[PDB]
Amino acid sequence: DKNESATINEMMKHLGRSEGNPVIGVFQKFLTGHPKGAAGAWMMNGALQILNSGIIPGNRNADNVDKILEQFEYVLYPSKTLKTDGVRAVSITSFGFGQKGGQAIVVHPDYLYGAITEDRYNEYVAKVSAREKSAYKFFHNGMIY
Amino acid sequence: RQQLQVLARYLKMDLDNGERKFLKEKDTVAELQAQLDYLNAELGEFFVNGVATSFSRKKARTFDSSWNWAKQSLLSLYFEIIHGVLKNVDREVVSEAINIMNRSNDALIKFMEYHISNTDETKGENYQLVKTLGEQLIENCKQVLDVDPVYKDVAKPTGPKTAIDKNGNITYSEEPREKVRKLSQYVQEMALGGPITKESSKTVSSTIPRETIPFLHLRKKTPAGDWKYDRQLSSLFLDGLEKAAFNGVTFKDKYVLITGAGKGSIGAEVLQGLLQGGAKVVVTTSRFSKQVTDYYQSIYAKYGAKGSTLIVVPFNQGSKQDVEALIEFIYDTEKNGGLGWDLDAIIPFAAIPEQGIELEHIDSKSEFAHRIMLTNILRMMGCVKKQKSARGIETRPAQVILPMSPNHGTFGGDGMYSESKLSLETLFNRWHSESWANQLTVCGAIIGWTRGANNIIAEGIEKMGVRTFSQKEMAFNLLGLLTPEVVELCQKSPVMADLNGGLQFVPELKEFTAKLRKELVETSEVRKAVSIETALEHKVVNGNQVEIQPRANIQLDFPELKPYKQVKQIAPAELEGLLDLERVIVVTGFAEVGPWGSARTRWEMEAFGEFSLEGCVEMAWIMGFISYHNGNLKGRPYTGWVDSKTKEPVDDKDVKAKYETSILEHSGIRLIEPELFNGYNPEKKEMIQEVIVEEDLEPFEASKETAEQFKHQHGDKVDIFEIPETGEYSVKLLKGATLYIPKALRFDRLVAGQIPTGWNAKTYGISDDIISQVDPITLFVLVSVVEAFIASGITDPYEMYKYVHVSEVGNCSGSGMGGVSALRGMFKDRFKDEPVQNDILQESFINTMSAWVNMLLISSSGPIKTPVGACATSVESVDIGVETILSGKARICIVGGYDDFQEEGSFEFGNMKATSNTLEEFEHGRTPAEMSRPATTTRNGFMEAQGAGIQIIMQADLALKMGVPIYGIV
Amino acid sequence: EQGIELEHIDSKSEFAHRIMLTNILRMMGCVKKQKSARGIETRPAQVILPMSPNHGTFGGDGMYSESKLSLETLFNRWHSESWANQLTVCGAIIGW
Amino acid sequence: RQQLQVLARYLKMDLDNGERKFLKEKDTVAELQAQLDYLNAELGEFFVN
Amino acid sequence: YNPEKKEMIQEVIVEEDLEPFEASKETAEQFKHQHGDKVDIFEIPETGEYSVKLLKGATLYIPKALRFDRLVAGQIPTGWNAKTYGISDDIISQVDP
Amino acid sequence: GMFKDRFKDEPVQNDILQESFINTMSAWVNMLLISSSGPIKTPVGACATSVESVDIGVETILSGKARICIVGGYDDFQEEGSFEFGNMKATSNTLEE
């Protein structure tokens, strides 16, 4: 935890992040625990859900944030969920044994749709609506049976 | 028998020695039990049970991260105002602003300055409102950067209000007082008093009427020894209250010990005020649990000002051992495991209730309550005196704010409550007469009628000029006694604050209260009976709305697709046609299997902390609690969920009420369940010990091949002989042979993040033959892949091949350890010769899961790149899949990661000390739910879990062409 | 009890408090129970309570003052509870 | 010793039964005494006596 | 590792009480925790050790040997040592071959 | 070690778990010889893990996350793996040979 907070803080310092703009840290293993490889996948699922819902879950087990973590001014450690008005990007960071450091960045999907035309977006939306209906019926049929 | 006795006599062996020792110890048990039953019949079951020790140093919880909770509160308020939860600056927003001010510092100022300067006021009136309010709060916090935190209560004062409906329904509400709407006005009314309390630039004390007793006053001991209202002390107290109401009162460098401050009590409000003022408070709780610790954490995150520390400790004020241990823990140095604190105030408000216990009913519970409320309080002050004297402290007294009752036996039927409260008044004289005046100062607060049965009549008691207080008002009055001037007055001489509200002036208060309750109760029953009879008369005279219930409608939660103008506004105008969508990677699907079921249920538990109807029904289906039924059932035709075991119909409304406890108990981080790990009990972990055989074991019948194998192993240390009767073989181990005896190891990692009990691959539709063939990790991966494709909308995996070649769909997911179940099989079950499938090795590979995914669902001949990264294998998989798609050998990729929890991996992590020691967690009083606490002072190991997580990524161009949802951009 | 201040309140002080307050209250409660069981309303027992004029004036007496002062709740309990007909409280404040 | 053990096995005699019962009762004495010492440390020697 | 003699263990049910064998206190407690009432552990006052006596019905593992028919493997030449290439003995002890 | 020697209570190092990971070898290479903070991507492909490694390293270099890469593959021969390959009959029967 100390090393990861320091790494995020150093990234945020070097990349010239505005002071007073800490990255909101999401700790998912307080609830789901630590799987030895499904971890970053669960954190990606949570990050995608955070992006799509604009909701940042809080570390409800964060009884008292470590005083050593106060030095990392670019990191925030919420304890309760935040109904944010939109999350643009999420930084998923994992550290496995054997020096397996890893970072991923998930940007909000809506920044993709600004790269296409109106007609292309409209046909994509229609196809996604039809596919969502088909997926809903398939999912509920398969669930009940 | 005779031969045995002869041999025993020769050996000088006493066969009866064990029996004689047993009879002696049985007599000892009998006499010790006789002593225990005497003490139980004497003190009582309640007293003996209630003196059980509850305090321990390791179980104390510290809260001091106000620097973090300030930013958390600021963001909460910011987003609430933006979303429109708060349209106006109400007293709750003002109180939160005051807390933010109290926690203000330069880093916080920069935080709010950024978040407000970055706010775009043009996005509707809500953004302009939050910008203006944030500018005001920045200006306010800049002023109090260096000012000490102050306890300032801004809640609207509320009086009692009881209404009787036409049908005799009693409703009590805390409606705001029309005359009083600020704490300053509360203090002004308190100074003014009323007609009943009368007897035959300018401070609030100036506004006191002549020849009248304020509702809150201080009493001075007359030379005759009686306590009477005193103008000077009362004026000092009301002036302090006025200052605390208007400026606010700080409690910096004030160390308080408060007992009996649970939720819904006066102590809780006093604790909130102390935390606001900046005090270091040791709060003691007799209900120490996750609920209480979370409550106190929320209280600290909301009110704990800069420099305040909340120490929540388990504590039994009914046991002098706990009293001594707590005082020792508070006063002992941090190096010795204490707090190194010196108490500036003591608030022993701990008490247990007593109803319907008259003189004849005084019993064990009454004696125990008396101990808690008088004897152990006196012991606690004696302990503080002893600590201060041992450390040679004479000039830093602790202010004992004693809770006193104006009424001593007026109501009766309260056991020894009045006895304890009245005997607490000896401390005023003991302060002068004994040698602990310099270590303690007595402040007897006579607490008046406080509103938390006793509330319905509060309005009626106020009609005669008597004043009734709320918990917040009473806490404000009590904290007014901690002002520096009242502290200095207590150090001068012990003080008796009367905060009774004029309740003493009513004659025959007990009888008047009984009359009020009788009147209200009689009116309520008379109205209810008359209404019922009128209704029945109407129904008989005139002869003789359908309510609709929610039903679970589980949504896939595809991303919201906003209109094109809206989605184009946020993105840059130059992005159109700029990006190579073939080179843009998008997560089109995702899913997981974990301790909280699927991604949907895990997300609900993460964000909202509880399951909605859809989440609870999905969890019940996942756990097998409810199965779907369609057809005849008990004659009548039923279509819907039924209990899996009893097969009885269950409605979605009843699903929560029937299975919420079970789902919560058997989901998430919890004690390891051996039924989910093949009878693996960490409390009883099987090992085997090599020993050298010391005598020839008796023959045991064995097969011919088995006997030959035993002979091959042991050489000349075993003997195999055929039995001609049946052709079997007898195996006789000799002296010196090697033997393995099972032994059990008590292992200290008992809690793991486990997939919910009842999770079965058959529930998702995987065949029993596949379940037998593959590992549980492989089953989790298959379910995760299917759910990920469902989230991607790809119901049929071959639908991808309408758009991409079979070589263009890859699987780059992997595991840190792979099929640990198959590894355990091959390494241990084969060693023990248990039945193990011959292909357990190919089932153990880390790439076996991806192989089974491809050759059960995908059929792709695209790139396959199974990574190992320990905990980072999923980011590994994402990176490898992104590079696969960018290189173009794939256009769709299945990324993610998976791993399983098993005995040997858990044990080696415990050997590593990477995981948290569950026995140490229990020593610290941590429950399984709160074992995993990232970014906390007390974190001492990771919480091991199991499951899988899968994502379907592809090119953005391809995702748009297939029309699949896009959850994010990698 | 001699030389038992606040800091010295211990087993002996708690036992003396039991004798002088708690078991006195239990004894009056037992007499009340016997009279009520036998249906006696018109023959109250007069409890002549030993009371101290001084409650903590001298100090160093353990819980003596606590017991003596808590015995004064019986005057109000007599009115507020249902044992008035079985017992009558007579607090004799014994002097020097 | 070996002959005695053979005879005990034939007689279905448990030589260790008395010792096992003694150890159980010794544990019971230990836990009851622990309860008594807790009550003594709590109420005190004077009160209990 | 001899493929001609591959070590295995067989579970058998004890038919007679094995003789006591001296064992440590912790080891005897572990044996008692495993076998429940099927073992008897008694302290030796002379030295403070423990005697562990398995009873009838207890579970026992006796080694047995399996003749395995894969005797030939492609093996790094005998005498290959990491010290020859210069890897320290501490690294050799720490890491796998 | 972790599955059998620990089960038998033989002396086993407490970090045999990290010594068992497939990425432990690459970790030790990096932290004994290379000191690089560049991309680490340990593949598993059974007998094709080396071609997997070459392809992953190629793609790493083409993506530019690396300019030099250590590709290849490694595995060891041991009793249990040999016995399980014999069980699947993938290896040749030496007695038949």
Looking at (1) more than 7 Å from every other protein chain (Cβ to nearest Cβ); (2) in a loop (DSSP other than H, G, I, E, B); (3) over 24 Å from B:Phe611 (Cα atoms), which is the one condition that is false for A:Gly98? (1)
Residues in the range A:62-75: is at least one in a strand (DSSP E or B) and either at the interface with chain B (Cβ under 7 Å from one of its Cβ atoms) or closer than 18 Å to B:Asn940 by Cα (or both)? no
Verdict on B:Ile377 being under 16 Å from C:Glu66 (Cβ atoms), among the β-branched types (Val, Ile, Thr), surrounded by 16 or more Cβ atoms within 10 Å (Cβ to Cβ) and touching a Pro at 6+ places or on another chain (Cβ under 8 Å): yes
Closer than 30 Å to B:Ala744 by Cβ and within 13 Å of another protein chain (Cβ to nearest Cβ) - does that describe any residue in the range B:576-593? no
With respect to D:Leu7, is the statement that it is under 30 Å from E:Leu54 (Cα atoms), out of contact with any strand residue (DSSP E or B) (no Cβ under 8 Å at 6 or more places or on another chain) and buried (at least 17 other Cβ atoms within 10 Å of the Cβ) true? yes
Inspect the range B:197-215 for any residue being of a type in the set (D, E, K, R), under 35 Å from the mean Cα position of the chain (by Cα) and either surrounded by fewer than 16 Cβ atoms within 10 Å (Cβ to Cβ) or not in a helix (DSSP H, G or I) (or both) and give the result as yes or no. no
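Can you pull out every residue in the range B:672-728 that is closer than 19 Å to F:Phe7 by Cβ, among the aliphatic types (A, V, I, L, M) and more than 8 Å from chain E (Cβ to nearest Cβ)? Spell out the reasoning first.
If we filter the range B:672-728 for residues that are closer than 19 Å to F:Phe7 by Cβ, which is where we start, we get B:672, B:674, B:677-691, B:713.
From what's left, among the aliphatic types (A, V, I, L, M): B:672, B:687-688, B:691.
Listed by number, the list holds a single entry, B:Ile672.
When you scan the range B:922-970, how many residues do you find that are under 35 Å from the mean Cα position of the chain (by Cα) and surrounded by fewer than 24 Cβ atoms within 10 Å (Cβ to Cβ)?
Here the count works out to 16.
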May I ask you to verify whether A:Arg88 is more than 7 Å from chain B (Cβ to nearest Cβ) and of a type in the set (D, E, K, R)? yes
Touching a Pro at 6+ places or on another chain (Cβ under 7 Å), part of a strand (DSSP E or B) and closer than 25 Å to B:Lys961 by Cβ: does that describe B:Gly793? no
Selection from the range C:18-36 of residues that are within 10 Å of the chain's Cα centre (by Cα) and either more than 7 Å from chain B (Cβ to nearest Cβ) or among the β-branched types (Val, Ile, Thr) (or both): C:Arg18, C:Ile19, C:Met20, C:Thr22, C:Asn23, C:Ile24, C:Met27
Yes/no for B:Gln754 being within 30 Å of B:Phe907 (Cα to Cα), of a type outside the set (D, E, K, R) and crowded, with 23+ Cβ neighbours inside 10 Å: yes
If you take the residues in the range F:37-90 that are among the acidic types (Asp, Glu) and touching a strand residue (DSSP E or B) at 6+ places or on another chain (Cβ under 8 Å), which one is nearest to B:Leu886 (Cα to Cα)? F:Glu52
State the number of residues belonging to the range E:46-64 that are more than 16 Å from B:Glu686 (Cβ to Cβ) and either more than 7 Å from every other protein chain (Cβ to nearest Cβ) or small (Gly, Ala, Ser) (or both). 11
Scanning the range B:250-272 residue by residue, those crowded, with 20+ Cβ neighbours inside 10 Å and part of a loop (DSSP other than H, G, I, E, B) turn out to be B:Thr250, B:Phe251, B:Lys254, B:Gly260, B:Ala261
Taking the range B:41-91, which residues are among the β-branched types (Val, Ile, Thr) and either more than 30 Å from B:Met931 (Cα to Cα) or out of contact with any helix residue (DSSP H, G or I) (no Cβ under 6 Å at 6 or more places or on another chain) (or both)? B:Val48, B:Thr62, B:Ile81, B:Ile82, B:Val85, B:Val89
Pull out all pairs, ordered by first then second residue, where Cβ-Cβ is under 9 Å, the residues are six or more apart or on different chains, the first lies in the range A:92-105 and is on the phi > 0 side of the Ramachandran plot, and the second is buried (at least 24 other Cβ atoms within 10 Å of the Cβ) and in a strand (DSSP E or B). A:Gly98/B:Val868; A:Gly98/F:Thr42
Tabulated pairs, the range D:1-13, first facing chain B (nearest Cβ under 9 Å) and hydrophobic (A, V, I, L, M, F, W, C), second surrounded by fewer than 14 Cβ atoms within 10 Å (Cβ to Cβ) and part of a helix (DSSP H, G or I), C-beta under 6 angstrom, 6+ apart or interchain: D:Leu7/B:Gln3
Is there any pair with a first residue in the range A:127-140 that is facing chain B (nearest Cβ under 7 Å) and a second that is in a helix (DSSP H, G or I) and charged (D, E, K, R) whose Cβ atoms are under 9 Å apart and which are 6 or more apart or on different chains, and what are they? A:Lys127/B:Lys961; A:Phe139/B:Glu787
If you take the residues in the range B:832-860 that are within 7 Å of chain F (Cβ to nearest Cβ) and surrounded by fewer than 22 Cβ atoms within 10 Å (Cβ to Cβ), which one is nearest to F:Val44 (Cα to Cα)? B:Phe845
Of all residues in the range D:29-44, count the ones that are surrounded by fewer than 17 Cβ atoms within 10 Å (Cβ to Cβ) and either farther than 18 Å from B:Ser54 by Cα or touching an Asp or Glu at 6+ places or on another chain (Cβ under 7 Å) (or both). 3
Look at the range B:273-307 and say how many of its residues are more than 11 Å from chain A (Cβ to nearest Cβ), part of a loop (DSSP other than H, G, I, E, B) and either closer than 22 Å to B:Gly248 by Cβ or touching a helix residue (DSSP H, G or I) at 6+ places or on another chain (Cβ under 8 Å) (or both). 6
Looking at the range B:357-442, what helices (runs of 4 or more DSSP H) fall wholly within it and have at least 3 residues that are among the polar types (S, T, N, Q)? B:376-390, B:417-423
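Given the criterion within 10 Å of another protein chain (Cβ to nearest Cβ), among the β-branched types (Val, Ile, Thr) and either under 26 Å from C:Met27 (Cα atoms) or surrounded by fewer than 18 Cβ atoms within 10 Å (Cβ to Cβ) (or both), identify the matching residue among B:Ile362, B:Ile372.
Answer to the check: B:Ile362.
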Over the range F:66-93, the set of residues surrounded by 15 or more Cβ atoms within 10 Å (Cβ to Cβ), of a type outside the set (A, V, I, L, M, F, W, C) and at the interface with another protein chain (Cβ under 8 Å from one of its Cβ atoms) is F:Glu79, F:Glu80, F:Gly81, F:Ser82, F:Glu84, F:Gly86, F:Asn87, F:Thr91
Can you name every residue in the range B:875-904 that is more than 7 Å from every other protein chain (Cβ to nearest Cβ) and under 30 Å from B:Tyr680 (Cα atoms)? B:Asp900, B:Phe901, B:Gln902, B:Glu903
If you take the residues of the range B:599-620 that are small (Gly, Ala, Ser) and at the interface with chain A (Cβ under 9 Å from one of its Cβ atoms), which of them is surrounded by the most Cβ atoms within 10 Å (Cβ to Cβ)? B:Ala599
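Bear in mind that the values in this text are calculations on the coordinates, not laboratory data. Every residue, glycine among them, receives a Cβ derived from its backbone with ideal geometry; neighbour counts consider all protein chains shown.
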